[PDB]
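S.K.: Sharing a structure with you now.
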Amino acid sequence: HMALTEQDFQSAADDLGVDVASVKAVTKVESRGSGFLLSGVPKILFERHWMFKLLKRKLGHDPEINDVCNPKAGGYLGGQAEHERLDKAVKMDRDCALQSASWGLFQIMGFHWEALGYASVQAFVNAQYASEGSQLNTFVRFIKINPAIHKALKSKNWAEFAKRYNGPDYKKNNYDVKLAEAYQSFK
């Protein structure tokens, strides 16, 4: 499958108005490294508590509870088996299921499709299948629609970036220091 090129990094850097070293640093620290499984489908993690929340909102009442639709988070099988979980959830409701997986290099939740400017959940999904460059573009859009994160990236304020991107427990995995060290390694 089409993996990340120097041009993918340069295009992303240009679109975000940051240096290439910043994009490589955030990719090294925040990505899954590869955006695709051996089978050629995008890497996903299926989030059954998002499936429960989104299908509840759609139906106006609680859906059936099972291993892929449950207010209790977890129950991961990992790797290719997450596609089997997605398939079971699609057979409950396709749009809720696709929105309840995290996709590609940066593990972006499908429920962000509309905010990210995709025409539909399906267009978001097609962008995950297209290439690693397309998945990096999903990440670019995510930064653009989050100006405070965008500004932290531009200013190389790794702690502010990690607090907003990784959340309040970012320091548990030292995300700020990993970003700073990665940046120095590429600069």
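A note on labels: chains of the structure tokens are A, B, ... as shown, every chain counts residues from 1, and ligands are counted from 1 in their shown order.
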Skipping near chain neighbours, those fewer than 3 positions away, what residues fall within 10 Å of residue 160 in chain A using only C-alpha atoms, listed as a PyMOL selection string?
M.R.: chain A and resi 148-149+151-153+155-157+163-167+170+176
S.K.: How about saving the chosen residues, N, CA and C atoms kept, as a PDB file, in the first residue's frame?
M.R.:
ATOM      1  N   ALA A 148      -6.479  25.973  18.600  1.00  0.00           N
ATOM      2  CA  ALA A 148      -5.587  26.017  19.787  1.00  0.00           C
ATOM      3  C   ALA A 148      -4.487  24.958  19.634  1.00  0.00           C
ATOM      4  N   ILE A 149      -4.824  23.771  19.141  1.00  0.00           N
ATOM      5  CA  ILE A 149      -3.808  22.716  18.871  1.00  0.00           C
ATOM      6  C   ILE A 149      -2.894  23.171  17.733  1.00  0.00           C
ATOM      7  N   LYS A 151      -2.100  26.190  16.856  1.00  0.00           N
ATOM      8  CA  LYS A 151      -1.222  27.283  17.345  1.00  0.00           C
ATOM      9  C   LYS A 151      -0.107  26.692  18.212  1.00  0.00           C
ATOM     10  N   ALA A 152      -0.428  25.711  19.050  1.00  0.00           N
ATOM     11  CA  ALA A 152       0.589  25.049  19.893  1.00  0.00           C
ATOM     12  C   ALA A 152       1.617  24.353  18.993  1.00  0.00           C
ATOM     13  N   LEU A 153       1.169  23.723  17.913  1.00  0.00           N
ATOM     14  CA  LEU A 153       2.109  23.037  17.003  1.00  0.00           C
ATOM     15  C   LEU A 153       3.041  24.065  16.385  1.00  0.00           C
ATOM     16  N   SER A 155       3.943  27.043  17.367  1.00  0.00           N
ATOM     17  CA  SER A 155       4.852  27.649  18.376  1.00  0.00           C
ATOM     18  C   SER A 155       5.783  26.591  18.995  1.00  0.00           C
ATOM     19  N   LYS A 156       5.664  25.319  18.611  1.00  0.00           N
ATOM     20  CA  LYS A 156       6.517  24.219  19.150  1.00  0.00           C
ATOM     21  C   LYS A 156       6.308  24.126  20.656  1.00  0.00           C
ATOM     22  N   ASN A 157       5.117  24.466  21.139  1.00  0.00           N
ATOM     23  CA  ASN A 157       4.796  24.355  22.578  1.00  0.00           C
ATOM     24  C   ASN A 157       4.311  22.918  22.781  1.00  0.00           C
ATOM     25  N   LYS A 163      -1.086  18.281  25.885  1.00  0.00           N
ATOM     26  CA  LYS A 163      -2.239  18.450  26.801  1.00  0.00           C
ATOM     27  C   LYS A 163      -3.532  18.435  25.982  1.00  0.00           C
ATOM     28  N   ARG A 164      -3.562  19.141  24.861  1.00  0.00           N
ATOM     29  CA  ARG A 164      -4.810  19.296  24.074  1.00  0.00           C
ATOM     30  C   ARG A 164      -5.047  18.074  23.195  1.00  0.00           C
ATOM     31  N   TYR A 165      -3.994  17.498  22.627  1.00  0.00           N
ATOM     32  CA  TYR A 165      -4.104  16.371  21.666  1.00  0.00           C
ATOM     33  C   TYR A 165      -4.248  15.039  22.411  1.00  0.00           C
ATOM     34  N   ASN A 166      -3.379  14.788  23.383  1.00  0.00           N
ATOM     35  CA  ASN A 166      -3.358  13.526  24.157  1.00  0.00           C
ATOM     36  C   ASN A 166      -4.268  13.605  25.387  1.00  0.00           C
ATOM     37  N   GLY A 167      -4.558  14.801  25.879  1.00  0.00           N
ATOM     38  CA  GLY A 167      -5.470  15.012  27.010  1.00  0.00           C
ATOM     39  C   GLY A 167      -4.737  15.239  28.328  1.00  0.00           C
ATOM     40  N   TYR A 170      -1.454  13.403  29.605  1.00  0.00           N
ATOM     41  CA  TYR A 170      -0.359  13.323  28.604  1.00  0.00           C
ATOM     42  C   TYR A 170       0.985  13.042  29.291  1.00  0.00           C
ATOM     43  N   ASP A 176       4.933  15.157  25.806  1.00  0.00           N
ATOM     44  CA  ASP A 176       5.570  16.472  25.549  1.00  0.00           C
ATOM     45  C   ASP A 176       7.067  16.261  25.313  1.00  0.00           C
TER      46      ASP A 176
END
S.K.: Residue 122 in chain A: which residues within 12 Å, counting only C-alpha atoms, same-chain residues fewer than 5 positions away excluded, as a list in words?
M.R.: residues 94, 95, 96, 97, 98, 99, 110, 111, 113, 114, 127, 128 and 129 of chain A
S.K.: Identify which of the residues A:36, A:103, A:52, A:183 lies closest to residue 18 in chain A, counting only C-alpha atoms when measuring atom-to-atom distances.
M.R.: A:183
S.K.: Counting only C-alpha atoms, what is within 8 Å of residue 132 in chain A, bar same-chain residues fewer than 4 positions away, as JSON, numbers by chain?
M.R.: {"A": [2, 3, 4, 34, 35, 36, 104, 105, 128, 136]}
S.K.: With C-alpha atoms retained, write the just-selected residues as a PDB file, in the first residue's frame.
M.R.:
ATOM      1  CA  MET A   2       1.007   3.700  -0.539  1.00  0.00           C
ATOM      2  CA  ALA A   3       3.106   4.564   2.646  1.00  0.00           C
ATOM      3  CA  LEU A   4       4.247   8.143   3.692  1.00  0.00           C
ATOM      4  CA  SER A  34       1.720   2.106   9.641  1.00  0.00           C
ATOM      5  CA  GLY A  35      -1.886   3.010   8.737  1.00  0.00           C
ATOM      6  CA  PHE A  36      -2.744  -0.371   7.175  1.00  0.00           C
ATOM      7  CA  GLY A 104      -5.503   5.003  10.157  1.00  0.00           C
ATOM      8  CA  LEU A 105      -2.107   6.403  11.195  1.00  0.00           C
ATOM      9  CA  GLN A 128      -8.718   5.960   5.107  1.00  0.00           C
ATOM     10  CA  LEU A 136      -2.073  12.150   7.070  1.00  0.00           C
TER      11      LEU A 136
END
S.K.: Just the residues within 12 Å of residue 112 in chain A, please, counting only C-alpha atoms, with nothing from its chain fewer than 2 positions along; format it as a PyMOL selection string.
M.R.: chain A and resi 96+98-103+107-110+114-121+123-125+138-139+141-143+145-146
S.K.: As a list in words, please: the residues near residue 83 in chain A (cut-off 10 Å, only C-alpha atoms, same-chain neighbours under 4 positions excluded).
M.R.: residues 41, 42, 43, 44, 45, 46, 77, 78, 79, 87, 88, 89 and 101 of chain A
S.K.: For the selection just defined, write its residues with N, CA and C atoms to a file, as an mmCIF file, in the first residue's frame.
M.R.:
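Result file again-v9.cif:
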data_model
loop_
_atom_site.group_PDB
_atom_site.id
_atom_site.type_symbol
_atom_site.label_atom_id
_atom_site.label_comp_id
_atom_site.auth_asym_id
_atom_site.auth_seq_id
_atom_site.Cartn_x
_atom_site.Cartn_y
_atom_site.Cartn_z
ATOM 1 N N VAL A 41 -6.356 -3.481 4.512
ATOM 2 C CA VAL A 41 -7.412 -2.571 5.035
ATOM 3 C C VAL A 41 -6.784 -1.633 6.061
ATOM 4 N N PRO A 42 -7.408 -0.467 6.331
ATOM 5 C CA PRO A 42 -6.866 0.449 7.327
ATOM 6 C C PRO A 42 -6.846 -0.170 8.729
ATOM 7 N N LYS A 43 -5.839 0.195 9.494
ATOM 8 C CA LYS A 43 -5.791 -0.120 10.933
ATOM 9 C C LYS A 43 -6.936 0.601 11.632
ATOM 10 N N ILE A 44 -7.705 -0.121 12.435
ATOM 11 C CA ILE A 44 -8.786 0.477 13.242
ATOM 12 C C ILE A 44 -8.744 -0.083 14.658
ATOM 13 N N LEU A 45 -9.395 0.625 15.555
ATOM 14 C CA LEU A 45 -9.813 0.094 16.863
ATOM 15 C C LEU A 45 -11.283 0.409 17.022
ATOM 16 N N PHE A 46 -12.071 -0.621 17.264
ATOM 17 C CA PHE A 46 -13.531 -0.452 17.375
ATOM 18 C C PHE A 46 -13.887 -0.108 18.818
ATOM 19 N N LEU A 77 -10.237 -6.978 20.618
ATOM 20 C CA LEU A 77 -9.597 -8.211 20.108
ATOM 21 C C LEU A 77 -8.276 -7.922 19.389
ATOM 22 N N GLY A 78 -8.122 -6.731 18.825
ATOM 23 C CA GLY A 78 -6.858 -6.275 18.232
ATOM 24 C C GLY A 78 -6.693 -6.620 16.764
ATOM 25 N N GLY A 79 -5.913 -5.810 16.063
ATOM 26 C CA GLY A 79 -5.438 -6.159 14.720
ATOM 27 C C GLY A 79 -6.592 -6.412 13.767
ATOM 28 N N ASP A 87 -17.484 -5.263 11.428
ATOM 29 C CA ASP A 87 -18.489 -5.932 10.566
ATOM 30 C C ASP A 87 -19.730 -6.266 11.400
ATOM 31 N N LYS A 88 -19.554 -6.834 12.586
ATOM 32 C CA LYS A 88 -20.723 -7.144 13.448
ATOM 33 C C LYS A 88 -21.517 -5.862 13.756
ATOM 34 N N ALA A 89 -20.824 -4.763 14.042
ATOM 35 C CA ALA A 89 -21.467 -3.478 14.392
ATOM 36 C C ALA A 89 -22.154 -2.879 13.152
ATOM 37 N N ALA A 101 -15.264 3.524 15.114
ATOM 38 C CA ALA A 101 -13.874 3.054 14.985
ATOM 39 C C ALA A 101 -12.944 4.258 14.897
#
S.K.: Looking only at the backbone, which of the residues in range 4-184 of chain A does DSSP tag as strand (DSSP E), as a PDB file with N, CA and C atoms, in the first residue's frame?
M.R.:
ATOM      1  N   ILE A  44      -7.705  -0.121  12.435  1.00  0.00           N
ATOM      2  CA  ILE A  44      -8.786   0.477  13.242  1.00  0.00           C
ATOM      3  C   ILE A  44      -8.744  -0.083  14.658  1.00  0.00           C
ATOM      4  N   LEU A  45      -9.395   0.625  15.555  1.00  0.00           N
ATOM      5  CA  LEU A  45      -9.813   0.094  16.863  1.00  0.00           C
ATOM      6  C   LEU A  45     -11.283   0.409  17.022  1.00  0.00           C
ATOM      7  N   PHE A  46     -12.071  -0.621  17.264  1.00  0.00           N
ATOM      8  CA  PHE A  46     -13.531  -0.452  17.375  1.00  0.00           C
ATOM      9  C   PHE A  46     -13.887  -0.108  18.818  1.00  0.00           C
ATOM     10  N   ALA A 101     -15.264   3.524  15.114  1.00  0.00           N
ATOM     11  CA  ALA A 101     -13.874   3.054  14.985  1.00  0.00           C
ATOM     12  C   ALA A 101     -12.944   4.258  14.897  1.00  0.00           C
ATOM     13  N   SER A 102     -11.759   4.112  15.467  1.00  0.00           N
ATOM     14  CA  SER A 102     -10.620   5.007  15.201  1.00  0.00           C
ATOM     15  C   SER A 102      -9.858   4.456  14.004  1.00  0.00           C
ATOM     16  N   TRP A 103      -9.448   5.329  13.095  1.00  0.00           N
ATOM     17  CA  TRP A 103      -8.931   4.901  11.780  1.00  0.00           C
ATOM     18  C   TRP A 103      -7.516   5.397  11.525  1.00  0.00           C
ATOM     19  N   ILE A 108      -7.968   8.411  14.214  1.00  0.00           N
ATOM     20  CA  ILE A 108      -9.014   9.467  14.271  1.00  0.00           C
ATOM     21  C   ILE A 108     -10.392   8.804  14.265  1.00  0.00           C
ATOM     22  N   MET A 109     -11.225   9.184  15.231  1.00  0.00           N
ATOM     23  CA  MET A 109     -12.592   8.624  15.337  1.00  0.00           C
ATOM     24  C   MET A 109     -13.412   9.001  14.099  1.00  0.00           C
TER      25      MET A 109
END
S.K.: Quick check, in Å to one decimal: how far apart do CA of residue 82 in chain A and CA of residue 66 in chain A lie?
M.R.: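 The value is 14.7 Å.
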S.K.: Between A:48, A:32, A:171, A:58, which is the closest to residue 73 in chain A once you count only C-alpha atoms?
M.R.: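 Checking each candidate against residue 73 in chain A, we get A:48 as the closest.
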